[PDB]
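Trainee: pasting the structure only:
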């Protein structure tokens, strides 16, 4: 199915475990086994969302910029930029809070009754096509639990403050 | 006309009200009702301009980077990146100062006389095609009132300082 | 030739003069006179290079992100994002040091003798196609004079330090 | 083969040597000798990866943004934006730690036995296709030695801390 | 308001009914009502898919090219290119065959059991005369019924041979 | 100065008059006068829309492809590809039909009353023989008059059948 | 799980076997199983290369255009455009000639000695009747064997003349 | 080293000489020598311009499409698509007419006086029978000499009528 699944898994684990050296090893193993640098780049973007999230909201951009290097310069400089991204994500503060918050929200939308939009939340349009915030039943619902890492330190302080 | 108008409105309200949990709920509701992640992404960009503006000038880039994830990786990781953007905009400092400043300027351009460009403001070209700042009648006009939030704290201090 | 030359000039002057209100006025005047938002966006990028430069190296990205909003969402939200860019560049620290440094270097390349590359500066390749720093005659040449504004404060301190 | 090799080499050396004036000179020499601004832009991206790396992880984005200016506005404003990038990379903190770490990892992957993925590193998937971190033999392997420059100061402190 | 979505509907119906003159009228009305040309551009892509399909596969590219003109050149050249796309789509051969084929296939995938992939079609084939592409329950199923129009003339000829 | 905009005009007139040799001369003069090739590329897209239109819908794509070469490869390959686009446009069948159609439709939308969307054309039809695409005041209006040139030969044949 | 990669295989085999109806079924099953449409879009590009090749060079562009629709418009329009690409590829003339040609050439480049570039083919020719494009060891080698299908009908005619 | 640029030259000469099999061999050798496929992709675009020109204007698009596959899918699908582009270019009708036309026009613009734009061709015409597109010194000049190959067959027919 996917010849590189174990390798990519080990790479993921090393990044989430803040082990840049082992991450570079597994990355090297994938390339030398004939794996595509963009196969890894796509999974790096997934790691930014799943494991770093709002602890470092710039991580997404570092990974996209590495991909842009591949797209503009080529495969070999691309490889090097993606290595730089791997190291960045490895040493970045980690938080899966946004990941798990979204997953919960999505499962609740699927499962719970389709409550009406409370009338006071209606009519808040945007410039697009032409020039309690929950339903009452769900009051106090919390999906997002910011950690004490990276930019989530300030976030957590702000959300608690205004809680 | 737009089956998701109320949902999107509730999402907008939750973001502008710095309620990340409720924002994720309404986002989840849209997706589970068959709404497109990019339908929401476009409205997120509008929220960056309208409700965050220069309080956090990097907000635009976070939302564009989420969209880039959708475009490169796909729908499911895209959804997750757009969730991260929703949370970012929810907890960001808020200011509609740039939004309302532009709207005023634009209405005045439409309505007021078409005053000449003051001669001393003429001939300030750029490298493009080949290698009082108001009209006198409008002296002292002010459209932009920076708030005390985010990067608008410094801005306001600078504009007042040089006022 | 260009019906909007005076207007764009007045806009440029207001931005370089850190007058966000007047900049929004001239921007509004251009749009209401039928001028294209991207006509202005291209000139905003030129202003980032010419008038802000390394005093705020992120200014380029704010202007490109505004253009990306236009490209993805559309004309009306585009207009609003470009307004946000105008305000950002208006309040940004200003420096034309990079602009004038490049212009000087380029005129000297055109005019001065084509001196050989000093042998000790040869062979410093990059990964691209496959996996005294002046000529002696020009020793001590200086084109770049960082200002005391924005990120040029640190730059100037570093270049002087290592001078 | 490449008429601009010596010039580009001298440019590279000046950037790596934090000599912005000489870098602008060699850049000017290339352009006036008929060299393409994107020929230089591609090599600037390579310099970001090789010589700046994680000492300034935003350097990649500055160079890509300069290229975007060329792509959207044109050759002449492009030239100016790429000059701004040259100066940025010249004054940026320097580190070849990510470069040499990747090169080592890659050579080891090529040369050493293809060790199995340790079972405890398996099954760590991502949302992609549908909704000791080394092998035992290589325990304690280190490729990445962050310097004391730029953002590598914090990185080094963190990796040592958790060592 | 609701009147706005009526203009969009009139435009869609006119393009679908091969009425280029009326299509241009409704487009012009949409523009003068403050409608965003990119909002229109998105609907045009949906039209290429739904109403033209493989009667003219190039249709998709004409509408994307119009969008590219808007993104690169600006709003006014964009509106002109989108008008050209509107006329192109209006006079193009119409076919809803690909659209209705995909919908029928989705309802079967949703409504009928999740039949096993026939053994010979598996990533590693297993012991089953292995000539069927459908599960045996779905043998000889047809979703796609090419029209006698445009490029579907030849496709319908070919599919009848195949059978 | 004004002489520069005269070169642009000479180039436009030559392409429109199907004079490829003169077109290349004026382009070459524009380049030697310091004119930006992308500035020229933008005018070429306007030409494809205004002067070629649906006589050759692929025209748009040739000019976009030339722009892509400039963005990806560089200035000099770009200038060569733009020359190719200039010759392509110069020898292409000419038609101003789509251009003048769109302008006429806009003047009607601006000058005549905002007639209601016919009931059957509304997003939810209402009680009205519902065969008209125009408001009854505009019955049988024609804006688009295909030439006898290029792809418009066949279009004009078809529209006459329809009527 | 492994069942998922079986759906991908069934889809590939159906497109290759020119079975558009079965192809749409397997696509629909992939979607309902939670499969990402872009994951499918990437496989479609590999199919255009491997199974269609130069029998229809436009194939590549239809699949890229479907991807563009997904990136610009969204997931649901994207899935529809990808269905259109699936049908396009299914009914297209099939040829594996370019694919097998490239593979054979790579095995020779890997397995046979690194023969010198014939003197007349060098960047600076040297003293050698200089009519050979292959090294003399490889004289008259053929990798590319166009089918009698699609655009390869004419190519095969031409290559036989040449010989 | 210099041997590397010899491989590039052999590849260019083979494509130009319409030798697809040798072209694939030299490409394969370039890859096994560590050559970057995008470096090759850039040369292919220069080839489309220089050696194919308007004998097949679609050539440019096939090479850009191959590049898109590399950027979106990855290195290995990219190398395959680039091989397809190599074969496409090798079997395409060859014409150097657009290339040599543009070069001749540039040498005239550089070597002859900067003649005035004929009065009738100016942005605002002035008092001069105003039928000339060239300055009177350049009357009847021809740069562009279409071959009898590909799309230039028809172009040459047309230009002879015009004269």
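Mentor: Cool, the structure landed. Numbering: from 1, shown residues only, chains lettered A, B, ... in the order given.
Trainee: list, one by one, the residues from chain A near chain G.
Mentor: A:1-2 (C-beta under 8 Å from any C-beta of the partner chain). (C-beta placed from N, C-alpha, C; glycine too.)
Trainee: again, only using 10 Å
Mentor: Contacts of chain A with chain G, taken as C-beta under 10 Å from any C-beta of the partner chain, map to A:1-2, A:38-39, A:42.
Trainee: close to chain H: what parts of chain A are there?
Mentor: Within chain A, the positions near chain H by C-beta under 10 Å from any C-beta are A:31, A:34-42, A:67-68, A:70-79.
Trainee: rerun at 6 Å
Mentor: A:36-38, A:71, A:74-76 (C-beta under 6 Å from any C-beta of the partner chain).
Trainee: so of the residues you listed, which ones are in strands?
Mentor: Among the residues of chain A next to chain H, no member falls in strands (DSSP state E).
Trainee: show me the contacts for the closest residue to residue A:11 other than its chain neighbours.
Mentor: Closest residue to residue A:11 apart from its sequence neighbours, by C-beta to C-beta, 6 or more residues apart in numbering or on different chains: residue A:26 at 3.8 Å. If you count contacts by C-beta atoms under 6 Å, 6 or more residues apart in numbering or on different chains, residue A:26 has them with A:7, A:10-11.
Trainee: from residue A:9, how far out is residue A:26?
Mentor: 9 Å (C-beta to C-beta, to the nearest Å).
Trainee: how about residue A:135?
Mentor: 40 Å.
Trainee: for chain A, what spans make up the helices?
Mentor: A:5-16, A:20-32, A:37-47, A:59-72, A:75-91, A:97-111, A:152-162 (DSSP state H).
Trainee: turn these into a markdown table, including distance to residue D:131.
Mentor: Shown next, in a markdown table, are the helices of chain A (distance: least, C-beta to C-beta, whole Å):
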| stretch | distance to residue D:131 |
| --- | --- |
| helix A:5-16 | 17 |
| helix A:20-32 | 23 |
| helix A:37-47 | 12 |
| helix A:59-72 | 19 |
| helix A:75-91 | 22 |
| helix A:97-111 | 9 |
| helix A:152-162 | 25 |
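Trainee: for residue H:116, which of those is the nearest?
Mentor: Among the helices of chain A, helix A:59-72 comes nearest to residue H:116, with 41.9 Å by C-beta to C-beta.
Trainee: and the residue nearest the centre of chain A, what does it touch?
Mentor: By C-alpha atoms, centre = their mean, the mean C-alpha position of chain A lies nearest to residue A:49, the distance being 0.5 Å. By C-beta under 6 Å, 6+ apart, the contact list for residue A:49 reads B:80-81, B:84.
Trainee: which one of those residues is nearest to residue C:117?
Mentor: Of all the contacts of residue A:49, residue C:117 sits closest to residue B:81, with 46.0 Å by C-beta to C-beta.
Trainee: distance-wise, check the closest one relative to chain F.
Mentor: As judged by C-beta to the nearest C-beta, to the nearest Å, residue B:81 and chain F stand 26 Å apart.
Trainee: what is the neighbour count of that residue?
Mentor: By other C-beta atoms under 10 Å in any protein chain shown, the residues close to residue B:81 number 30.
Trainee: what's the answer for residue A:4, then?
Mentor: Neighbour tally, residue A:4, other C-beta under 10 Å: 18.
Trainee: quick one, phi/psi of it?
Mentor: phi -100, psi 10 (degrees, to the nearest 10).
Trainee: of all the helices of chain A, which one comes closest to residue D:107?
Mentor: helix A:20-32 (8.3 Å).
Trainee: just the angle for that closest one relative to helix A:5-16, thanks.
Mentor: For helix A:20-32 against helix A:5-16, the angle by axes from the mean of the first three to the mean of the last three C-alpha atoms, to 10 degrees is 150 degrees.
Trainee: so how far is helix A:20-32 off the chain centroid?
Mentor: 21 Å (C-alpha atoms, centre = their mean, to the nearest Å).
Trainee: that one to helix H:75-91, inter-axis angle?
Mentor: Going by the same axes, to 10 degrees, helix A:20-32 makes 40 degrees with helix H:75-91.
Trainee: and for the nearest residue to residue A:56 once chain neighbours are set aside, the neighbour number?
Mentor: Spatially, and ignoring its direct neighbours in sequence, residue A:56 is nearest to residue A:92 (4.6 Å; C-beta to C-beta, 6+ apart). Neighbours of residue A:92 under the rule other C-beta under 10 Å: 25.
Trainee: residue A:92 contacts residue A:52, doesn't it?
Mentor: Yes: look at residue A:92 against residue A:52 with C-beta atoms under 6 Å: they come within range, at 5.0 Å.
Trainee: how close does the closest residue to residue A:125 other than its chain neighbours get to residue G:76?
Mentor: Spatially, and ignoring its direct neighbours in sequence, residue A:125 is nearest to residue B:9 (6.8 Å; C-beta to C-beta, 6+ apart). Using C-beta to C-beta, we find residue B:9 at a distance of 21 Å from residue G:76.
Trainee: mind checking how far the residue in chain A positioned nearest to chain G is from residue E:121?
Mentor: Per C-beta to the nearest C-beta, the residue of chain A with the smallest distance to chain G is residue A:1, at 3.6 Å. Per C-beta to C-beta, residue A:1 is found 14 Å from residue E:121.
Trainee: around chain B, which positions in chain A sit nearby?
Mentor: Counting by C-beta under 6 Å from any C-beta, chain A sits next to chain B at A:42, A:45-46, A:49, A:53-54, A:57, A:60-61, A:64, A:98, A:101-102, A:105-106, A:109-110, A:117, A:121-124, A:126-128, A:133-134, A:141-144, A:155.
Trainee: please parse chain A into its domains.
Mentor: Per curated CATH domains, the structural domains of chain A span A:1-96, A:97-122+A:125-163.
Trainee: buried deepest among those, which one?
Mentor: domain A:1-96 (a mean of 24; mean count of other C-beta atoms under 10 Å in any protein chain shown).
Trainee: what about it, distance to the chain center?
Mentor: In terms of C-alpha atoms, centre = their mean, the centre of domain A:1-96 is found 12 Å from the chain centre.
Trainee: next: stretch A:92-103.
Mentor: 7 Å.
Trainee: what are the contacting residues of that stretch?
Mentor: Taking C-beta under 6 Å, 6+ apart as the rule, stretch A:92-103 contacts A:50-56, A:59, A:143-147, A:149-150, A:152, B:24, B:80, B:83-84, B:87.
Trainee: how about stretch A:81-88?
Mentor: Counting by C-beta under 6 Å, 6+ apart, A:20, A:23, A:27, A:37, A:41, A:44, A:62-63, A:66, A:69, D:49, D:53-54, D:57, D:98, D:102 sit against stretch A:81-88.
Trainee: if we use 7 Å, what do you get?
Mentor: Residues external to stretch A:81-88 that are found in contact with it (C-beta atoms under 7 Å, 6 or more residues apart in numbering or on different chains): A:15, A:20, A:23-24, A:27, A:37, A:40-41, A:44, A:59, A:62-63, A:66, A:69-70, D:49, D:53-54, D:57, D:60, D:98, D:102, D:144.
Trainee: ok, stretch A:121-141 next?
Mentor: With C-beta under 7 Å, 6+ apart as the criterion, stretch A:121-141 contacts A:115, A:118, B:6, B:9-10, B:12-14, B:17, B:19, B:21-22, B:25, B:42-43, B:46-47, B:50, C:73, C:76-77, C:80, E:4, E:33-36, E:39.
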